[PDB]
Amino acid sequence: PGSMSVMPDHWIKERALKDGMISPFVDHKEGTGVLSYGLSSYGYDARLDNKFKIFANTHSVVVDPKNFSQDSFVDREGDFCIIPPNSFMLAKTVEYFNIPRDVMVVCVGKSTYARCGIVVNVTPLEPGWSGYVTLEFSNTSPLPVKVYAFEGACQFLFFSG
């Protein structure tokens, strides 16, 4: 019922504060440097957490999306991760999301990472979705690219009725 439109900061704020839609929540741009996080005019800039899965071809397995394999990737924890060229990383947002039955959320990159060849490949969060978001960062450059824990990594755009 009701078609959906991109919702503004004040709506995102109310849903965060009253309905627990985003937590932790900062109601303004925060953090030092170009990778800021927090509420934006028409979205929310989420942060990368510090646990990464870096994929590599070391074990020569065909990946089956129906059956995850531990040998596709190596676990790293730290203040940054380097994504090897032409590979990808999985990591979680710092923010936990609780998406209402009334809302669908789209994920976009930050230009700071996109202009380095990093493609954020995160499919939409469906109504009712609950969790830390698993960010997938594909490094499409032929060079290793550094990404920063606890800093802005993507923007979520909220569609609602």
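Don't overthink the numbering: it's just position in the shown sequence, from 1.
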Segment of higher mean CA temperature factor, 3-11 or 151-159:
3-11
Where do the C-alpha atoms have the higher mean temperature factor in this entry, in 95-103 or in 31-39?
31-39
Comparing recorded Cα B-factors across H59, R47, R115, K51, which one is largest?
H59
Tell me which of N67, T134, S111, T123 tops the list for C-alpha B factor in the record.
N67
With respect to C-alpha B-factor, does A16 fall in the lowest, middle or highest third of the chain as deposited?
highest
